[PDB]
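In what follows, chains are A, B, ... by sequence order, proteins preceding strands, each numbered from 1.
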Amino acid sequence: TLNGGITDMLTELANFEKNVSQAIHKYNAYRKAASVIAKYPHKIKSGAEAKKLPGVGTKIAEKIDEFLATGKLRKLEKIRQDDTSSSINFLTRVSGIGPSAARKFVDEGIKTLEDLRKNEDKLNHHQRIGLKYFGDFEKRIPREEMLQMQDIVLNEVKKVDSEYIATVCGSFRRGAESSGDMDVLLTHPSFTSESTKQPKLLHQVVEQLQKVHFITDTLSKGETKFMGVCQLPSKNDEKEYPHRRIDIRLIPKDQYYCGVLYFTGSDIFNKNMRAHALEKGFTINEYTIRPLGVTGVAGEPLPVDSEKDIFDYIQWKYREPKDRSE
DNA sequence: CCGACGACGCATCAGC
DNA sequence: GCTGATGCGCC
DNA sequence: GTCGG
Ligand SMILES: [Mg+2]
Ligand SMILES: [Mg+2]
Ligand code: NA
Ligand code: NA
């Protein structure tokens with residue numbers, strides 16, 4: 001947090017390029033520089049000092065010099081004043097509304113929270129629920145509450161089938177004091193990379209978690225991935241808990257280690273790792289690590305019997321989940 | 001200089 | 001209905 | 001926007 005001002009500035013520029021400019025690589029470049037600056041153990045004195053870090057080039061260096069001198073950035077100050085940009089940036093905060101939908105709504109005059117509420121019939125299902133729990137979804141989940149939700153999910157899943165294994169990943173597994181949402185990896189013996197010996201494996205759990213009124217809403221749902229909303233039960237006279245985003249991901253049992261590496265994150269860590277995998281001649285997804293054959297095509301899945309093995313292939317020393325918060 | 005930037009599931013749509 | 005492209009989101 | 005070829 002030594003450079004909190006800088007990283008906030010860069011994160012804001014990242015969100016600008018992603019939402020308004022619709023330039024996904026600029027957004028990624030900014031988020032990368034923010035990440036590598038975030039863990040830099042010195043209070044940065046100059047842009048030139050920052051340019052040494054991987055991901056900080058000439059442009060960001062110049063902005064950091066402007067920021068450190070004045071405490072602001074004129075590029076952001078203007079963007080803060082632009083009506084179209086302020087609108088798009090807000091609309092994109094509703095889950096389900098991306099850069100395209102945001103710009104399309106503004107063209108119709110739908111640009112405020114009030115406009116969205118009088119026009120629910122123009123939102124798809126995801127966007128309606130996103131609008132519904134707009135306030136709740138911007139609150140953080142204390143680890144105390146993550147531990148409660150974990151006990152519920154892990155015990156309800158045990159009740160459907162004793163052989164289900166649920167593992168809460170995300171920043172929770174990274175040991176964070178708070179989480180923005182809950183992330184659940186799910187494995188069952190029947191679902192392997194060889195055969196689905198048993199249908200509705202994800203459905204059964206979703207239905208069970210709905211019956212005990214944990215899962216309250218569904219954003220999207222398929223055979224392997226669930227996206228929805230959940231809420232902790234409150235006692236008598238208690239004000240209710242905020243509604244929380246939950247993601248449940250069914251991964252084949254034998255591909256657990258690539259799956260648990262992947263949803264443990266962070267998102268930037270994964271990208272840095274997967275980019276590095278390519279430089280070392282491998283491609284990594286949620287399922288497998290595969291070699292890159294002489295001409296580009298991915299080879300066959302290499303054997304993986306721990307998270308560390310994936311680190312070994314690409315010549316990385318192992319990094320505990322708590323050290324992946326990039 | 002300039003090509004490449006991680007990799008994928010689900011909802012949604014256009015084309016046939 | 002199927003196939004693929006696009007939008008949005010997950011880490 | 002940045003970097004490695
Ligand atoms: Mg999360
Ligand atoms: Mg999530
Ligand atoms: Na640099
Ligand atoms: Na959004």
Whole-Å distance, A:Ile251 CD1 to B:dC8 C1', equals 10 Å
Using a 4.0 Å heavy-atom cut-off, does A:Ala277 contact any base of the nucleic acid, only the sugar-phosphate backbone, or nothing at all?
nothing
Within the 4.0 Å heavy-atom criterion, would you say A:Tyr27 contacts the bases, only the backbone, or no part of the nucleic acid? nothing
Exercise for the section: Report yes or no: does A:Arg245 contribute a side-chain atom to a donor-acceptor pair with the main-chain N or O of A:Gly228 at less than 3.5 Å? Expected result: yes
Separation of D:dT2 atom P from A:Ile24 atom CD1, nearest Å, is 16 Å
### Sidechain-backbone polar pair: A:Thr112 side chain, A:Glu114 backbone, donor-acceptor under 3.5 Å
yes
| query | How is A:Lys32 classified with respect to the nucleic acid when contacts are heavy atoms under 4.0 Å: base, sugar-phosphate, or nothing? | reply | nothing
- Message: Just to be sure I understand the rule, does A:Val94 reach a base, reach only the sugar-phosphate, or reach nothing, if contact means heavy atoms closer than 4.0 Å?
- Response: sugar-phosphate
Of the listed D:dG1, B:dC10, B:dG6, the closest approach to the A:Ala29 side chain comes from D:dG1
For A:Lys26, the groove holding a base atom under 5.0 Å from a side-chain heavy atom is the major
Output yes when A:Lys159 and A:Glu156 qualify as a salt bridge under the 4.0 Å nitrogen-oxygen rule, no when they do not. yes
Requested in this report: Give the intermediate values and the outcome of side-chain hydrogen bond (donor to acceptor under 3.5 Å, both in side chains) for residues A:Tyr40 and A:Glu49.
Outcome: CA-CA 11 Å; A:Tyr40 185 65; A:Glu49 176 186 350; 3.1 Å; yes
Centroid separation under 6.0 Å, is that true for the rings of A:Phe90 and A:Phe134?
yes
Practice prompt. Test if C:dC11 is paired with B:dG6, treating Watson-Crick and G-U wobble as valid and requiring both distances under 3.5 Å.
Written response: yes
Atom CG of A:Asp267 and atom P of B:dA7 are separated, to the nearest Å, by 15 Å
Separation of B:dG9 atom P from A:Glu223 atom CD, nearest Å, is 13 Å
Walking DNA chain C from its 5' end, the first of A:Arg31 and A:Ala101 to be reached, judged by nearest nucleotide, is A:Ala101
When rounded to whole Å, the CG to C1' distance for the pair A:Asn270 and B:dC8 reads 12 Å
Sugar-phosphate only, base, or nothing, as touched by A:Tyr30 at under 4.0 Å among non-hydrogen atoms:
sugar-phosphate
Numerically ordered, the residues 174-205 of chain A set in heavy-atom contact under 4.0 Å with DNA chain C is A:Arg174, A:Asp181, A:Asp183
With side-chain hydrogen bond (donor to acceptor under 3.5 Å, both in side chains) as the criterion, how do A:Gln315 and A:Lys280 come out once you've worked through the C-alpha distance, each side chain's angles and the decisive distance to 0.1 Å? CA-CA 8 Å; A:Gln315 287 157 63; A:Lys280 283 284 176 171; 2.7 Å; yes
Numerically ordered, the residues 60-69 of chain A set in heavy-atom contact under 4.0 Å with DNA chain C is none
query = With hydrophobic residues grouped by side-chain heavy-atom distances under 4.5 Å, do A:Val206 and A:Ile152 end up in a single group?
reply = yes
